[PDB]
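Asks: First the structure, which I've put down as structure tokens, then a few questions once you've had a look.
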Amino acid sequence: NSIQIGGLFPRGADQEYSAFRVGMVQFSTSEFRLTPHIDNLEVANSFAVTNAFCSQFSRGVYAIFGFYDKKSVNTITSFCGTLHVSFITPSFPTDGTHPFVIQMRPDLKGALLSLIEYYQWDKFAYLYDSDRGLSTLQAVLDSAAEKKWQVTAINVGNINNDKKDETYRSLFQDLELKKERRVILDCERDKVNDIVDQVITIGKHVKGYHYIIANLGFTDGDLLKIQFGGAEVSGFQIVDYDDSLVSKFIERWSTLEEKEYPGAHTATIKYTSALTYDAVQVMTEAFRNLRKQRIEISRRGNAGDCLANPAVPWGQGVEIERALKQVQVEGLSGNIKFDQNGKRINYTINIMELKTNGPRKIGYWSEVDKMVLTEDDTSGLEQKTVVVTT
Amino acid sequence: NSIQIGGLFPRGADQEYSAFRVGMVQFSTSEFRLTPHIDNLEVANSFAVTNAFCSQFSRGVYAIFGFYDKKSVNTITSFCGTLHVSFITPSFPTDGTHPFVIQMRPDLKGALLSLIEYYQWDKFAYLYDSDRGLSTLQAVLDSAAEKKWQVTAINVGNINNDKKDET
């Protein structure tokens, strides 16, 4: 069964598209054929988003896969919710409960605030990139009212690439107006590494400082640059490489051709690429269940223009959303369960902390049992020579 | 000269449309005729925004007038900036410098922060609705880093109409 599906990959995200093709290798079947309509367009231009959206609406696809920007979170929720096409995304969680939104990145603030409750911080700086939204920024300020916090939030995303060198030296000096030692970063993996290299330039990676990286890719960043400086670096990892099911992927992942699968011939993988591979496992089990439902969803490809007034929905795509939210599969990100809105539940975030030996787990995050500390204890191998001032 | 123009008024904003018609009374002329294409649609649904937008693009209007939501600030800047149609809005200021955006509400943070500098406040609560954006919320936190402020910001826009009494 050839099933036309979406391919709205942002340009420059080909490692995700590489592991998407591994999902096309691993999870294709003769029971039904996945037919991607690959459109490598920029996710920022909502006009260009709308063009590849309505072309696949003119194609008559039964599901659409791709990322979404904050420039397109107002697009995809308004377009897929009206035309009743289920959309599968590995991007950031939405602000509101929108229908036809199946997300692969779970919530982070529950693991994030429990970590700050673990560290028991009261005054700490919080740099943030506005590009992934501001809901986590809204999340920390709601706890700042309750926990009497004195968090200093400063946006960093509007700083140009030419002068992200001198503004940052101005920035941490302004953090030394408060003499902060506790900075939780909220940036992209490149923008994380750029600012840490500026911390390297000024030397605030020394002992006395503490940093927390607020993403699921704590192992994705470069930890060797600041492993031996003195500051203690914490973070979250949803894709734990110690699993053999992950290790079976990695043993294939490094042996993948870089020229055929760009970004694949590596030792590790981004979590965004892993969730892209995890999403194909969900989509395969979906149409295996839609075959198990024996429900003919084969709407014709003549859905036509999305600018039909009124634009009629197609009711089989509503049932696709009903079965997608009932898909419960194990993947690289662990146990996957959904709500009635497409949000991931029963997931488990592994809190990883960089130590002298490397990144090491102190505990996993649970949705109902928030922080359960792992007693994997080598006692840090020492006592780190307690500083006695006089 | 009959000049086709836009009419994307949000529903329930008819006092604005009333004074729009007074502008049609006061500022119409025989030198050129304003031809409104009035589309009273909800500004939240960006799909419905796109329908009345491209219908006026199919109309061939020379300018488009109407409001924009924060659900459509990512729409109108992406659509009017690409199709190169000038857009006139009385809505809130944009976050970025976008072309073809003519705004009627000016900036507020320069008057706002100077007022707090007048009152010389250091710790003060700041309730905010997220529906007009968060740039002013970003504005006060940038001054909070400089002026050592202890501002408590709490969102209020997500509270339902049924229980906006006990919360």
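Quick note: the coordinates plus some simple rules give every number you see, no bench work behind them. Note: ideal-geometry Cβ built from the backbone for every residue, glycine included; neighbour counts use all protein chains shown.
Asks: State the Kirkwood hydrodynamic radius of region A:69-191 in Å, one decimal place, computed from all pairs of distinct Cα atoms. Could you put the intermediate results ahead of the total?
Replies: On the way: mean 1/r = 0.0609 Å⁻¹.
It works out to 16.4 Å.
Asks: Classify the protein assembly as shown as rounded, prolate or oblate from the Cα gyration tensor: take a ≥ b ≥ c as the square roots of its eigenvalues, call it rounded if a/c is under 1.5, otherwise prolate when a/b beats b/c and oblate if not.
Replies: It comes out oblate by the Cα gyration axes.
Asks: Would you mind giving the three semi-axes, in whole Å and largest first, of the ellipsoid equivalent to region A:177-230 according to its Cα gyration tensor?
Replies: Those come to 18, 13, 10 Å.
Asks: Okay, next question. Please work through the protein assembly as shown and write down the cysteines that have no neighbouring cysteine Cβ at a distance under 4.7 Å.
Replies: A:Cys80, A:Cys187, B:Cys54, B:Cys80
Asks: Then there's this: Put one equal scatterer on each alpha carbon of chain B, apply the Debye formula with no solvent term, and list log10 I(q)/I(0) at q = 0.09, 0.11, 0.15, 0.18 1/Å to two decimals.
Replies: Debye curve over Cα of chain B, log10 I(q)/I(0) at q = 0.09, 0.11, 0.15, 0.18 Å⁻¹: -0.42, -0.59, -0.94, -1.14.
Asks: Checking the a/c ratio against 1.5 first, then a/b against b/c, what shape does the Cα gyration tensor give for region B:1-69?
Replies: oblate
Asks: Mind putting a number on the dipole of region A:265-325 about its Cα centre? Charges go on the C-beta only, +1 for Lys and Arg and -1 for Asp and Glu, and I need it in Debye to the nearest 20.
Replies: 220
Asks: Only four residue types carry charge here, +1 at the Cβ of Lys and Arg and -1 at the Cβ of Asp and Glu. Report the dipole size of the protein assembly as shown about the Cα centre in Debye, rounded to the nearest 20.
Replies: Values: 58 positive and 67 negative charges, 123 e Å.
Here the protein assembly as shown has a charge dipole of around 600 debye.
Asks: I need the trypsin sites (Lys or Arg not before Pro) found in region A:298-354, filtered to DSSP loop residues with at most 11 other beta carbons within 10 Å of theirs.
Replies: Answer by residue number: A:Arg300.
Asks: Still on this structure, please answer the following. Over 18 Å between Cα atoms, which of A:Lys207/A:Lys355; A:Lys163/B:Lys148; A:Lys123/A:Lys148; A:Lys123/A:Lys164 qualify? Walk me through the intermediate numbers first.
Replies: Values: A:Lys207/A:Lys355 12 Å; A:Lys163/B:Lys148 25 Å; A:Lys123/A:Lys148 9 Å; A:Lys123/A:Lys164 25 Å.
From A:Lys207/A:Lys355; A:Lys163/B:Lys148; A:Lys123/A:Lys148; A:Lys123/A:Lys164, over 18 Å: A:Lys163/B:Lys148; A:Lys123/A:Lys164.
Asks: Also, I was wondering about something else. Positive end of the dipole of chain A, charges at C-beta (+1 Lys, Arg; -1 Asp, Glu), about the Cα centre: which of A:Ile102, A:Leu290, A:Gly263 has its Cα farthest in that direction?
Replies: Ranked along the dipole, the leading option is A:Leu290.
Asks: Additional query: Scanning chain B for GluC sites (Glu not before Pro) in DSSP loops with at most 10 other Cβ atoms within 10 Å, what's the longest stretch left with none? Spell out each step's value before the answer.
Replies: Values: sites that count: B:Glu31, B:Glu166.
For GluC sites (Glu not before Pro) (loop position, at most 10 other Cβ atoms within 10 Å), the longest site-free span of chain B is B:32-165.
Asks: Answer rounded, prolate or oblate for region A:225-364, using the Cα gyration tensor with square roots of eigenvalues a ≥ b ≥ c: rounded when a/c is under 1.5, else prolate when a/b is larger than b/c, else oblate.
Replies: prolate
Asks: Moving on to the next point. Going toward the positive end of the dipole of region A:192-246, with +1 on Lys and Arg Cβ and -1 on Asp and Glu Cβ, which of A:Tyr241, A:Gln227, A:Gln198 do you reach last?
Replies: Positive-end residue among those listed: A:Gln198.
Asks: GluC sites (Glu not before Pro), restricted to region A:225-314: which are DSSP loop and have at most 10 other Cβ atoms within 10 Å?
Replies: Passing both the DSSP loop test and the Cβ count: A:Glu257, A:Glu260, A:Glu296.
Asks: Here is a further query. Please list the three semi-axes, largest first and in whole Å, of the ellipsoid equivalent to region B:97-167, using sqrt of 5 times the eigenvalues of its alpha carbon gyration tensor. Walk me through the intermediate numbers first.
Replies: Working: eigenvalues 106, 93, 21 Å².
Ellipsoid semi-axes (Å, largest first): 23, 22, 10.
Asks: With n ≥ 4 as the cut-off for DSSP H runs, can you work out [θ] at 222 nm for the protein assembly as shown, using -39500 (n - 2.57) per run divided by the number of residues, rounded to the nearest 500? Intermediate values should be presented prior to the final figure.
Replies: Numbers: 15 runs with 188 residues, N = 557.
When only DSSP H runs of four or more count, the value is -10500 deg cm²/dmol.
Asks: From the C-alpha coordinates alone, can you work out the Kirkwood hydrodynamic radius of region A:116-157, in Å?
Replies: Final number for the Kirkwood radius of region A:116-157 is 10.7 Å.
Asks: Here's a follow-up. Residue farthest toward the positive end of the dipole of the protein assembly as shown, with Cβ of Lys/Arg at +1 and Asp/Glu at -1: which of A:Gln340, A:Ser46, B:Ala19?
Replies: Most positive-ward Cα: B:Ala19.
Asks: Placing unit charges on C-beta atoms (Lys and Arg positive, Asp and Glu negative, everything else neutral), compute the dipole magnitude of region A:1-50 about its Cα centre in debye, rounded to 20.
Replies: It comes to approximately 100 debye.
Asks: When the gyration tensor of region A:328-377 is built from Cα positions, what are the square roots of 5 times its three eigenvalues, in whole Å, from largest to smallest?
Replies: Listed largest to smallest, the semi-axes of region A:328-377 are 26, 12, 8 Å.
Asks: With a cut-off of at most 15 other beta carbons within 10 Å, and DSSP calling the residue loop, which GluC sites (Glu not before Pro) in region A:322-390 qualify? Please list them.
Replies: Working: sites: A:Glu330, A:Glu353, A:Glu367, A:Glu375, A:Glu382; in loops: A:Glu367, A:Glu375, A:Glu382.
Sparse-neighbourhood loop GluC sites (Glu not before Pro): A:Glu375, A:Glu382.
Asks: How high is the relative contact order of chain A, given as a whole-number percent (alpha carbon pairs under 8 Å, six or more residues apart)?
Replies: Relative contact order comes out at 20 percent.
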